[PDB]
C-alpha cells in the first residue's frame, strides 16, 4: 500500500538511490496537513499500525511525526537502519526569542553500501527537504530544489536552506535517538496545545519537482522560479475544494464532523 501510495512499483533495495527515489515520491504524493488537530483530534498514536492506517489506507496526509514516523517504519522494513531524532524549529524566529519546544521529528538513516548517516526529513511541510542529505557539518549540499547546509555547535546541529537568495535556519536537532513514547509526548503537545500553530489554523503543503505549495487558511502560496504566487480563496468552500482536489486529501474518515464550518473559522488565522 505504501509503495503504491507513493507511485513506486515493487520492493526496492536498501541503498542510497532508493532513499532519493522514496523521498521524491513521498514528497509529491503524501501532503502535509493538520486537519485532525484543527478539528480537535489529537495525533497521539505514532505506531506503525496507526500511521499506515491513516496516511496510506485512508489517503490522508499528516504532519512531521506522522510523515517521518511512517517513512521511518517503511525504511526499516526495507533494510535501512533508522534512528528517530527530535528538534526545535527556529525558522524566521527573532534572535533572542525563547528556546522553542522540541516539536519536529526527523530521521537519521544508515544505508548498507554507504559509510555515514543521512538526514531524512519529509515532514517539515512546504520547505521540507526533497532529498536525503549527508549528516555532515560543513558542505553545501544540493537537493532536488534549493541548496541546504548543516552546521554544528557542540552536539547541536542546525539545518539551513538557501531560500530565494538568503540563508535561512530551519531547525536544530541532536543525534540522540528518541523512543517512540518521547515522540508521542511531543506530538500530543503539537496537536493539542492551544497556542500550537497546528491547533489555531489550517496548514496543508506538498512539494512537486517544480514548486512548493503551502496553504495557510484561505491563503495558498506557491513558490517556483521567477515568481511567487499567492492565491486567496473567497470562502471555506473553495478551501475544501482545494484540500480535496488540488491536494488530494480524502475527507471520508471525517464524515460527521463539520469540516467546512471549522475551516471557515480559521480562514484568517
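Residue numbers count along the first chain shown, from 1.
The mean C-alpha temperature factor is higher for 237-245 when 25-33 and 237-245 are set side by side. Averaged over CA atoms, B-factors in the entry run higher in 222-230 than in the other of 58-66 and 222-230.
Per the deposited record, 111 carries the highest C-alpha B-factor of all listed residues (160, 85, 111, 133).
Across the options 75, 181, 89, 94, the residue with the most elevated CA B-factor in the record is 94. In the deposited entry, the Cα temperature factor of residue 195 sits in the middle third of values across the chain's modelled residues.
Among the modelled residues of its chain, residue 137 has a C-alpha B-factor that falls in the highest third according to the deposited record. Among the modelled residues of the chain, residue 126 sits in the middle third by CA temperature factor in this PDB entry. Residue 100: CA B factor in the lowest third of modelled residues in this chain (values from the PDB entry). Among the modelled residues of its chain, residue 177 has a C-alpha B-factor that falls in the lowest third, as given in the PDB entry.
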